[PDB]
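Start at 1 and go down the list; that is how both ligands and their atoms are numbered. Because only heavy atoms are used, hydrogens play no part in the values below, and waters and symmetry mates are left out as well, while side chains stay in. Proteins come first, then strands; the chains are lettered A, B, ... in the order of their sequence lines, and each starts at number 1.
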Amino acid sequence: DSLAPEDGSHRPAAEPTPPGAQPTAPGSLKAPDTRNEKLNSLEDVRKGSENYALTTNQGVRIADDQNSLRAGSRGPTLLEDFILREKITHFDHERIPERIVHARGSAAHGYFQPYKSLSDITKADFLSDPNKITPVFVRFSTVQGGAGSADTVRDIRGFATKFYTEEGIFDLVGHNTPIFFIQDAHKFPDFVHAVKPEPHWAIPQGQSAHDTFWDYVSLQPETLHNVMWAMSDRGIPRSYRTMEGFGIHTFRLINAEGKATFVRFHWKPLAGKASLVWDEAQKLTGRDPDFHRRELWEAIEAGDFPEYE
Amino acid sequence: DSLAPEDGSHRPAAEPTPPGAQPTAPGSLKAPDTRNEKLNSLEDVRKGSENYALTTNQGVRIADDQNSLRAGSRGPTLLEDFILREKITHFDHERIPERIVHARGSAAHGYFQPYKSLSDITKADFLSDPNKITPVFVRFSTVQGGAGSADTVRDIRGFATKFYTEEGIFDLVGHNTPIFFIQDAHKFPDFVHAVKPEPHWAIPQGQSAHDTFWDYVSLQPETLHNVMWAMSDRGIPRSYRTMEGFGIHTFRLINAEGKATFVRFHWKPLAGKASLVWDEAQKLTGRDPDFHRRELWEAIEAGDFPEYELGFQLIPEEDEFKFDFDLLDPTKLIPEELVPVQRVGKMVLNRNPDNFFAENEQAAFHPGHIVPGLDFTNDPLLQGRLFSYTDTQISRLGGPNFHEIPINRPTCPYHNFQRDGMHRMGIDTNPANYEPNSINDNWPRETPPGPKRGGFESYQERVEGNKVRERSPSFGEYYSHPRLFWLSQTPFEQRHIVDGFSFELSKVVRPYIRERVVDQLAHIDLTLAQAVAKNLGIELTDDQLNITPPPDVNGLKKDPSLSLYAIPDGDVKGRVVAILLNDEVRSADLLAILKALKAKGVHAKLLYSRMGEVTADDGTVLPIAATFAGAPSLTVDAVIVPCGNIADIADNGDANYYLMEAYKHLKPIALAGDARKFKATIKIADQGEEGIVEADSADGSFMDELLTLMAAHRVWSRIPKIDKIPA
Amino acid sequence: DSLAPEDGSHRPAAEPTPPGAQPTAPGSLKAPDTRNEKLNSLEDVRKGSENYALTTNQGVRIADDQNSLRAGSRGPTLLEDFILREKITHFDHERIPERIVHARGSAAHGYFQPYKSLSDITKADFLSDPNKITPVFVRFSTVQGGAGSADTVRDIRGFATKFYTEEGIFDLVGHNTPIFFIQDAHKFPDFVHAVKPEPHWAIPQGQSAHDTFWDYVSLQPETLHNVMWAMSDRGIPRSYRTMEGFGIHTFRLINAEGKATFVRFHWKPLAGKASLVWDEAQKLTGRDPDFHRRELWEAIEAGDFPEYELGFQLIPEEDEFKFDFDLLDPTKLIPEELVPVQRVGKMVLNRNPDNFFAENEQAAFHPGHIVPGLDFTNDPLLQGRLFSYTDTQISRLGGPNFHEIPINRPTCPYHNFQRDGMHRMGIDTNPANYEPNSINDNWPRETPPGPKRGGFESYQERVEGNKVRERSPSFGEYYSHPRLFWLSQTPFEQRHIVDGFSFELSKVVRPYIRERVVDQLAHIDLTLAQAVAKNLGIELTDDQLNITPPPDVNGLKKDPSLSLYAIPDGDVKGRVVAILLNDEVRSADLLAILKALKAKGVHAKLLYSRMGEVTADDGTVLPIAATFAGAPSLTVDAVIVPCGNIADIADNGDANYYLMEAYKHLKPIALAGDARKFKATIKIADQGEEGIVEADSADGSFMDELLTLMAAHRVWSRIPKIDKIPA
Amino acid sequence: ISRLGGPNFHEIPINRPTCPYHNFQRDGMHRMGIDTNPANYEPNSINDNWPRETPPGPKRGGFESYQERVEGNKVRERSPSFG
Ligand code: HEM
Ligand code: HEM
Ligand code: HEM
């Protein structure tokens, strides 16, 4: 019953294919041979499916998964149907709280590699050798909207990178413009509340074009610089691939002798910089709310891998 | 600081005002005199702000809310700053999980009132006297999308009503169609997972147009009936005010003498039925993703209260087996042609919440929340629902004391022996925490069943059968209800159905899925399937062309109450019109226009190519509401273009496109005097045509022709001309 | 129904009554007219019970609370029984996580009042007028065990007070010893993990007598000062009413002119200092594990309200470096001989809670919660404490709104821009949720620091140094405070300390840990080291006997304020006496005894070998409170034995054991007439012995002898004789 | 669900079955298993309906309830045999 078509057209070729030619799929069935050290350590928890029996979470095989246990064919459902309650209990608890900010985002795996040793300025092991590869996990996002909001709204974009180094995890958690709206962390909740949907009716979604945000900007002039960046075409990128990335804060690099050097971090996109125009971007939140997410998944499936300096 | 403007225009009047006139606000500040028992009992948790000092949550006044505590003004932030840490900590833990289904929703407060006593058929106290007023809390929603998804997607709608009765909470949790997709609750996680975003890449949001949804439908024919409703215009309503409401399942009404009657619940809109057309709805998800939430809120602020009539379909117990279908099967409807709806009472929604998170996000509805006078039945979809709503609320709302959050608490008394749990508010003084007890003389006490204020007792239905995991043989027919639905639509509604299926299936990547769906459609109706097939480039096989159609439903071959538009019920009050200005509007036109609209209760939005003001020909100064690009035609019900300096806007791309988009979406257009030049923009003949109102000036019949068309909602006769027109 | 007895003896009188006379009850049923601002404020949440119907949490009346809905009376339970699933669901989610430390504790309500105005030294409002009364809620606890462990273990005790002031909540979170075990908050998790049950097998409960605790102590000599306290009789208080309380750290008092003064907080008991002895405390964990919790509850129901005076040690800012110890080192005390304690106000505890879980278990105290007029210091342990108390409570009480749980709510106003979070109670009507704002004209607003009602500002301390992870060199001395504490104890207290160290060290399995600890004691005092080593069968080496003792503390060689008994202050009001009954009491004796007792406020418990009653020689009916084995000598402060038919109980094993036990534990004993014949079972000399009161009959010289020994707590001169007594 | 934090308590090491467990359940707090199956529902054609139901049998078959005979009305009542 209910099985695949005879021609095997239900499944995608495991080779690089252009956008739209085939059905998208989980990365490990789409590119079995692409590996790095983080991807391989995840093998312990990956779970397969072909050729196995359907079971409960306690490992008991299920005979009939189309019906509830009842007293007679048109009777009442019995409390003793533990298969039914396990199935519905897990569903009832699928959701976890979304991120307070940056709830809407799209991620991918990859690797990082230094061009030369940087030990004159830093003793950071991941930067000490040109032949040393570091597995990374990167997450691109919007700021304001919830996890089910649209991709191509006018907003700042997040650019978060996890480096799995040999002397610890390093997270470089940045944005796509070189400054932020405010100076002190004490004002974060005040700025975020002004930009998010208003508290009485929860409008508007994924937009700064409402009264509370401009109220706050007009009374806090420190915000004007990043407001300039947001109102420009930097606020509506064509893709996560065609935008720049920054750490914003001045950080410090320490070498082996104890000398310190101030540093600001940048990401330079090798596909170049490019943005949409507003009318296009606003209408695209309706025709395909999932455009940046789609485009990233599809570029990696086609072999047009996202690359940054 | 003292930052408000002196002139006080930062705050809206506390009186009814038209959409867009003033800034919207929390309900108790906009309409402080709109009261009910539920609203009044929330006064203990409401908090003001004006004239108070800024404090921590422990009550300590804060001197500086702009800076962290550091060692030196350019120094490190100190750990001892408890004011910063409290502030950021609360911020960091603001979110709670969203609802697993129906995450996106909009809500309001109101009241219900019975039309007469129903003591003959039920002993439920809230339906026993025409003077008993019952306060309500209602939430409207979509199904698939997250809480930040858009309002006007294609999808089923939820309609949940919490009745705060004197003998307990009664929740009627319904939907906007009379049937559901599946028969047994055991398949709910399977159906839900197929429609929701696909698990590898989490796409797509708010849409059934993807491979897994159609895969599930093509393998499970029980889904076909509700799938027909979702692909029709029923799936993209114009507003929460203009859709129907249904309980779906057969319940029981139990009277004082112990007699049981079967009942199906109905909500009838008093503003009538109306929907959008697909390209408008989809575009509208980008230009204003909060269009339904916004319209609901603004309708209440302006006084256009959503009103609905509660109705009952009643079936005597002896008629259980008289139909072609099973009454306990939720994939089947009860045709109004066979069993009429009895109009029993009315609900009015008249006040918005104060705080969305606290009242809307935290509200909890559950179909298992019934009262003496009502009872359940063996419908297997309903049966598994009783388990789920209590279970899910434990992690969404954090524990078993969710009934203590202010919006959920009953207004009647509640006492029992349950104790403790996370977030416990009530402090019990009862010396005993069990029964039977002699230490508190067994209080609180059980209460026998009776005609009024008695204890809950289940209807003693007979059960006889073996313990089986099996579907009833009477549940095994999937095609005649869908066909009954198809034949009751008007011709233009049939066309929208065809286009919904074609569009959606065009997004399915694996072609064999499209073919199997089409096959399933050929078992319902051949014309339907031939039409969908041609848009997908598929040919029907000779065998598919000879499939025998399913039977009539108890002799019916059509039921007009299943169509949105067969029997018109339009009501123009609360609709909104776009008026496109120019720099020298003929003020005689404008006054005939605005006074006719106010007489019918229709709102106007004055549009221009820039914000600010415009000066009319007699020197009158008009405030502009929004630009042409800022309030697209998608948002209004009809377009009027008045006489004046037409050359101001004859060449503006946005003004012209405004008329082409409305024209495409079948809305009525009115052109006064030289505004008639615009006919060439939409290829209108000199002769004119139905749907285009035109005159020398905006006077008499001009407005009356315009308002007649508005009552008919859209101009269905223009369908044939829109396939050309690049809009 | 009416399961209660005719006579109404299932309910206690709402008037002060002696321990064991009536059933105990929720505070507001027992003492309804004992009010305070916090206690009246909780009336919005109290729930009654009598005369109400039994319902679901939704308000639906239950008819049968004895059965599940089943298909047939011997059939399967039905999923549609929502009544059963709600009752079982609330029960399934009743528990919340216990506190990570101090999980076992007992609390009560009360009030604080100052003795005079303290405006010269602080601007704290609650200390500004002798007529300003401040509601308080105090919790007493242990440290190591879980919520179900026993009360009279050997451990430090917690003393936490929440002040509901008019300028915010102020929490004073202290202990019952003047110093703590460690110097920097970074070692807290290491220290707590070492004293708690070991991780493989989770043994032992409520005890420090195990290898890991002693391993950590022997490798970290900063802990030795608090260890001397714990090994002393300070570790086993007789009651929460008879132990001292301390804040431990040095805080700042900030006056209105902006001047800063260093302060250490103290709590002095009005009932005096008293402790048990180790064998008695230990046996009491098995005979009555709820001993301290019970006696505090009953003391309050009898009107023996626990009373404490608040005391300040004040040191001007210019004297920060006058002592030869660092003022910021929390392992260092400030001897009252150097800086006396100023008595400054009093606290009274006069009302028990209504519900243990709602009020005691959900209460949240945090040292970071201070008010204008107070400020912190750089003590590294206090500094890290500020992070932890808010953090822990996010998970223990479920979210960032724990301040909205009724016992935690401030009594003063709290307004800010924080919103949402799990179980949000407050419904904000403010149109703004940020600042600066203009739409609500910037309310609520910041408030400048001032003399009264102003915003919080931190004292502008000068900070100078590099970012480093290093201990200050001035914190590097670990032996002179332990040595000044040793030398300030009386001789019997010094013997109790030696037996404390010996009993615990004998439970350490690895012998090398025993030796290392002993090596450390040699650096404090040789006599002490030699004594513990004699009991562990360890010999001191050559090297150990010549170790130079540590220096004195600022010229001091001893401070009598560190001893529990050097300077008497014991009070007998609220103590308890067991009276051993025989089948024919000489009424003459009883009466003399009960009336002498009642004049000093001493309670009595009448014990026999069975329950029910016995009659005196004059026919007076004496009801029995407990049996000899059921209310052991461990639970009373002294034992009295009247004349009558002594033959009746003279051969009763338990009645004889009662005397030997109380005799072993240094408690006063009184025997009139033929009761003197019991001297043979505890082998007393012929002339007499101090501590044994005897006479021909219960006269007044007889009770003054008994009441006088009782004011001295225990009979210290008997220690020598109890070696050769088998009990 | 509250004691152990969510619906994945069977992934806590001590609670894990040593035999195989495959199904269409997904997500929830602290999800350990990373499912590669393209389908998360059944029936499905995209993964050829795996994992699949197994009919009852003498060994290694699916679970089926004994077909006990049930008869009587819906009552909240104690059996007289229990008294
Ligand atoms: C230069 C300024 C900032 C930048 C560039 C930034 C960037 C980001 C990014 C990229 C994320 C998303 C990470 C992900 O993909 O999971 C994020 C999340 C977050 N941000 Fe920041 N942020 C900034 C300021 C702040 C401040 C000032 C605060 C609080 C004081 C804050 C609190 C948070 C929190 C609580 C999250 C959610 C983390 C989670 O749930 O895992 N951010 N931020
Ligand atoms: C006749 C079929 C059904 C209808 C009309 C229906 C209707 C609704 C509506 C309107 C809501 C949203 C309530 C709100 O506004 O907060 C909802 C939520 C929900 N439904 Fe149903 N539903 C149906 C079937 C089911 C089934 C079969 C199950 C599971 C066995 C289910 C489980 C849930 C859950 C878990 C929620 C979320 C509740 C909460 O988080 O408080 N539903 N349903
Ligand atoms: C001078 C040293 C300390 C004293 C006098 C002290 C005192 C107390 C007291 C009396 C309580 C119980 C309050 C109640 O009854 O609920 C408590 C709880 C607690 N303490 Fe401290 N403590 C000290 C050191 C620390 C340190 C250094 C830390 C961590 C850095 C810490 C963390 C905690 C935590 C997490 C709780 C549980 C709080 C709750 O769950 O509400 N304590 N402490």
Report yes if some N/O of [X] lies less than 3.5 Å from some N/O of ligand 3; otherwise report no.
{"X": "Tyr389(C)", "value": "yes"}
{"X": "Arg139(C)", "value": "yes"}
{"X": "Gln393(C)", "value": "yes"}

Note to self: Hydrogens and angles aside, do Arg264(B) and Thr250(B) bring a side-chain donor and acceptor to less than 3.5 Å of each other?
What the structure shows: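 Per modelled atom types, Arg264(B) and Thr250(B) side chains form a pair under 3.5 Å.
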
Item checked: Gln66(B) versus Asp184(A), side-chain donor and acceptor atoms under 3.5 Å ->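 Not at all, the side chains of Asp184(A) and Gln66(B) share no donor-acceptor pair under 3.5 Å.
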
Check: What closest approach, in Å, do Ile182(B) and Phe191(B) show between heavy atoms, and which atom pair accounts for it?
Finding: CG2-CB, 4.0 Å

Atoms of ligand 1, numbered as shown, that sit under 4.0 Å from any heavy atom of [X]:
{"X": "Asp92(B)", "answer": "35 (C)"}
{"X": "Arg99(A)", "answer": "14 (C), 16 (O), 40 (O)"}
{"X": "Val173(A)", "answer": "5 (C), 8 (C), 9 (C), 10 (C)"}
{"X": "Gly158(A)", "answer": "10 (C)"}
{"X": "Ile100(A)", "answer": "35 (C)"}

Notebook entry, point to check: Closer than 4.0 angstrom: is that true for some heavy atom of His249(C) and an atom of ligand 3?
Noted result: yes

Item checked: Value rounded to 0.5 Å, distance of CD1 in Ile179(B) from OG1 in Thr331(B) ->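 So the gap between those two atoms works out to 8.5 Å.
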
Looking at non-hydrogen atoms alone, which of [options] comes nearest to [atom]?
{"atom": "atom 42 (N) of ligand 1", "options": "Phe246(A), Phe191(A), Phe188(A), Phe137(A)", "answer": "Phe188(A)"}
{"atom": "atom 5 (C) of ligand 2", "options": "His186(B), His175(B), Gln383(B)", "answer": "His175(B)"}
{"atom": "atom 2 (C) of ligand 3", "options": "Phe180(C), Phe140(C), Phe159(C)", "answer": "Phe180(C)"}

Protein residue, atom and distance nearest to [atom], heavy-atom basis:
{"atom": "atom 36 (C) of ligand 3", "value": "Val101(C) CG2, 3.8 Å"}
{"atom": "atom 17 (C) of ligand 3", "value": "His102(C) CD2, 3.4 Å"}
{"atom": "atom 23 (C) of ligand 3", "value": "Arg385(C) NE, 3.6 Å"}
{"atom": "atom 13 (C) of ligand 1", "value": "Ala160(A) CB, 4.2 Å"}

Answer yes if the ring centres of [X] and [Y] are under 6.0 angstrom apart, and no otherwise.
{"X": "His366(C)", "Y": "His403(C)", "value": "no"}
{"X": "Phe376(B)", "Y": "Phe251(B)", "value": "no"}
{"X": "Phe265(C)", "Y": "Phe246(C)", "value": "no"}

Checklist line | Min heavy-atom dist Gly174(A) to ligand 1 below 4.0 Å | finding: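 Judged by the 4.0 Å heavy-atom criterion, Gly174(A) does count as contacting ligand 1.
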
Going by heavy atoms in the side chains, are [X] and [Y] under 4.5 Å from each other?
{"X": "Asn176(A)", "Y": "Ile156(A)", "result": "yes"}
{"X": "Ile248(B)", "Y": "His175(B)", "result": "yes"}
{"X": "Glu222(B)", "Y": "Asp329(B)", "result": "no"}
{"X": "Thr390(B)", "Y": "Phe82(C)", "result": "no"}
{"X": "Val195(B)", "Y": "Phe181(B)", "result": "no"}
{"X": "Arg396(B)", "Y": "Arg99(B)", "result": "yes"}

Notebook entry, point to check: Can you find an N or O of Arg396(B) that's nearer than 3.5 Å to an N or O of ligand 2?
Noted result: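 Between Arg396(B) and ligand 2 (N or O atoms, distance only) the closest approach is under 3.5 Å.
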
Note to self: I need the atoms of ligand 3 closer than 4.0 Å to a non-hydrogen atom of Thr392(C), numbered in the order shown.
What the structure shows: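 By the 4.0 Å cutoff, the relevant atoms are 35 (C), 37 (C), 38 (C), 39 (C), 40 (O).
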
Notebook entry, point to check: Can you list the atoms of ligand 3 that are under 4.0 Å from a heavy atom of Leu381(C)?
Noted result: 1 (C), 2 (C), 27 (C)

Check: Any non-hydrogen protein atom below 4.0 Å of atom 38 (C) of ligand 1?
Finding: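 No, no protein heavy atom sits under 4.0 Å from atom 38 (C) of ligand 1.
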
Item checked: Any protein heavy atom nearer than 4.0 Å to atom 21 (Fe) of ligand 1 -> no

Notebook entry, point to check: Are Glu361(B) and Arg139(B) close enough for a salt bridge, meaning some N to O gap below 4.0 Å?
Noted result: no

Note to self: Restricting to N/O/S atoms, is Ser388(C) within less than 2.8 Å of atom 21 (Fe) of ligand 3 or not?
What the structure shows: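 No - counting backbone and side chain alike, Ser388(C) has no N, O or S atom under 2.8 Å.
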
